[PDB]
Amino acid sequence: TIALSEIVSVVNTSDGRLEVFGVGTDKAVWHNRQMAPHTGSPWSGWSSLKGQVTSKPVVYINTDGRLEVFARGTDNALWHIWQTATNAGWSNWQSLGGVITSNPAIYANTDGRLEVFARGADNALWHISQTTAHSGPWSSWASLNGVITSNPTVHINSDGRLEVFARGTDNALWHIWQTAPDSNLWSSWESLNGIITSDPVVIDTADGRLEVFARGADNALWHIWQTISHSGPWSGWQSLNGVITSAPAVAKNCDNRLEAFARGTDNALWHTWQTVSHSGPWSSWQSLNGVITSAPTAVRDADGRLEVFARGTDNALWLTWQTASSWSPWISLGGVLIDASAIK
């Protein structure tokens, strides 16, 4: 098992609007979007992109600005749907085949080719890519091996190499990296040790270091980072303390200060942040209240403010954001969302 998952995927569109993707009780993908590129914008309300998903749906922006959503189908194949034009209409759901046993994890190579990673029926990591920038056709599936017990997460290093993180059978954090940008040449799997009890989340620091966050065996928030830009060694695991009852979410403030969010034991949203400057000391854990039934999902909007989404007791999606002084009261975006995570 893993800590309670994020229930939505969110992106900041090519025109600076937040757009959020979730799953309804009938297993269709629904989306909600800001009308205007500003904190506290009115929302569309939930509309259906249809489909029948058995994973968290994961949105990623092509290098031409077209959103593309990836999800496991009821046949355990990887399916996707894409905007036919930037912030315009959507394709039908189409199958990329395979058999996957995790949520998909997506990143753009330096050459604009999306690459998708997912656990397979053999519990190894598999991958498939666009063959040219933001375009089909897609490559054949292949495996990067390993034995995976969490959803994987991919990021890009500051030198353009993709790097993937996942829990192993020993509950350690393991990773594998491209040896060159845009490559099908990968390293061996290596262990970053620790004991993690959530999916890992990964982000790039202002200074081009990958930093991974995960819940520990003691239900504290732990993190580990590249000690120098796009390079080993890693820092070794450090505790940010707290007692968390969901996966953590991480985002960057517009001054690049990292900020971590998670559900506490009182089922409120809690957060801790780098103080003063990026890579500065972490704050005490503080409450943003609410009563939430999912991990929080954190994103920086077009005004450079963090906005956090979480499911409420009513299964609606609720929203709170940074203000000059503190954070807004929670407001409901309605809907009825389920946790469709392929790994729980």
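Residue numbers run from 1 along the displayed sequence. We call the rigid core the largest set of C-alpha positions that still match within 1.5 Å between the two forms.
Put simply, when the other structures in 8 other deposited structures of this protein are lined up on the rigid core, the C-alpha atoms of 272-280 lie farther off than those of the other stretch, from 291-299 and 272-280. Rigid core fits of the other structures in 8 other deposited structures of this protein place the C-alpha atoms of one stretch farther away on average; of 79-87 and 97-105, that stretch is 79-87. Here 135-143 and 87-95 are compared by their mean Cα B-factor, and 87-95 comes out higher.
Set 326-334 against 5-13 and average the Cα temperature factors; 326-334 ends up higher.
When the C-alpha B factors of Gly120, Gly264, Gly112, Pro200 are read from the deposited coordinates, the top value falls at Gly264. Comparing C-alpha B-factors across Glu307, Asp64, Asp26, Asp303 in the deposited entry, the largest value falls on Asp26. Among all modelled residues in its chain, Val53 ranks in the highest third by Cα B-factor.
The deposited CA B-factor of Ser229 belongs to the middle third of values across its chain. Among all modelled residues in its chain, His175 ranks in the lowest third by Cα B-factor. In this PDB entry, the Cα temperature factor of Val250 sits in the middle third of its chain's modelled residues. Among the modelled residues of its chain, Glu259 has a C-alpha B-factor that falls in the middle third according to the deposited record.
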